[PDB]
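Quick heads-up: it's one chain on its own, the form deposited in one PDB entry, in structure tokens.
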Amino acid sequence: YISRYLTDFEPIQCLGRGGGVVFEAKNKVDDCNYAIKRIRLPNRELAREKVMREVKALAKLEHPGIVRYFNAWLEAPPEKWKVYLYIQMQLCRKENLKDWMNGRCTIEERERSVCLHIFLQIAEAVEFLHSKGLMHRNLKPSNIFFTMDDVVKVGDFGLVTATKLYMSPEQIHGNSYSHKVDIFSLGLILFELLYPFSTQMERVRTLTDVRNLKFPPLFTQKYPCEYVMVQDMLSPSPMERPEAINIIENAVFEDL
């Protein structure tokens, strides 16, 4: 009849394709642009109560590696011919980690100091979520962001409502059983951060190999201690993989 989203915000564009939709909308009152995730909630009533308990425990979250929350509200519009859950989140930089990485193809432009710094933020963000008994399960360059303050942000996660390149095996076939799946994703990210790429062909080919622990020799030589971690993080038996804390507490994560 009269939508909360339509009255309070004037849309700019769309950003994300749902697995729900994500718009860039200016709040008219405070005249700031935000990322607004629109979700179609489950018609099953008891599945809904679970989703709400999550937004309740999600709103609580506050961490520098986590995107800033603002407001969450519901809309039950008239069937044009269903209830939506809108979520207002801090709008991040148009250049995400994927965009950033595909702008820097030289092993120089991937300076060791900058890459370890970036990854640590991603690692710390997961430590936090893991400490709260939460798992991200959407870790990939396409869904890692920078603020207008150049601070790294682990992207959209949670509120599942029931590329697989960074997904762990058990995540691709199974129920994504353990939080370890995030550790695995971190592994491939750290690699791709350190090891540049020329083509999508190379990216896919090399990463598909690195998934099965086939590392370019140039890498293993140049970065030996990181290679130890990336192995540990990719360890094919999840239980073998380090906890988010163990990664942050490493010799490499110092001298900065």
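Just count from 1 along the sequence shown to find any residue number. Between two forms, the rigid core is the largest collection of C-alphas that superpose within 1.5 Å.
For this session: Report, as yes or no, whether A162 is left without coordinates in at least one third of the other compared entries.
Result: Yes, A162 lacks coordinates in at least a third of the other entries compared.
Exercise. Mean C-alpha B-factor higher for 176-184, or for 84-92?
Worked result: The entry gives the higher C-alpha B-factor average to 176-184.
Exercise. Comparing 124-132 with 166-174, which has the greater mean CA B-factor as deposited?
Worked result: Per the PDB entry, the higher value belongs to 166-174.
Exercise. From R112, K140, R137, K153, which pick has the Cα B-factor that tops the rest in the entry?
Worked result: Among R112, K140, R137, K153, the PDB entry lists the largest C-alpha B-factor for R112.
Problem set entry | Deposited CA B-factor, highest of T206, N212, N27, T220 | Comparing C-alpha B-factors across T206, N212, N27, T220, the maximum falls on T220.
Exercise. Sorting the chain's CA B-factors, does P64 end up in the lowest, middle or highest third?
Worked result: Its C-alpha B-factor, which the entry lists for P64, ranks in the lowest third among residues of this chain.
For this session: Pull the Cα B-factor of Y195 out of the PDB entry and bin it into the chain's lowest, middle or highest third.
Result: It falls in the middle third of the chain.
Exercise. Lowest, middle or highest third: where is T106 by C-alpha B factor in its chain?
Worked result: Top third by C-alpha B-factor.
Exercise. Should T161 be placed in the lowest, middle or highest third of its chain by the C-alpha B factor in the entry?
Worked result: Its C-alpha B-factor belongs to the highest third of this chain's values.
For this session: Ordered by C-alpha B-factor within the chain, which third holds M148? Give me lowest, middle or highest, please.
Result: Ranked within chain, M148 CA B lands in the highest tercile.
Keep in mind that the form deposited in another entry is not shown, yet the notes after this line are about it.
For this session: Look at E49 and decide if its Cα position differs by 2 Å or more between the shown form and the other one after superposing on the rigid core.
Result: Yes, the C-alpha position differs by at least 2 Å between the shown form and the other one.
Exercise. Taking the rigid core as the frame, does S176 move its C-alpha by 2 Å or more between the shown form and the other one?
Worked result: Shift at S176: 2 Å or more after core fit.
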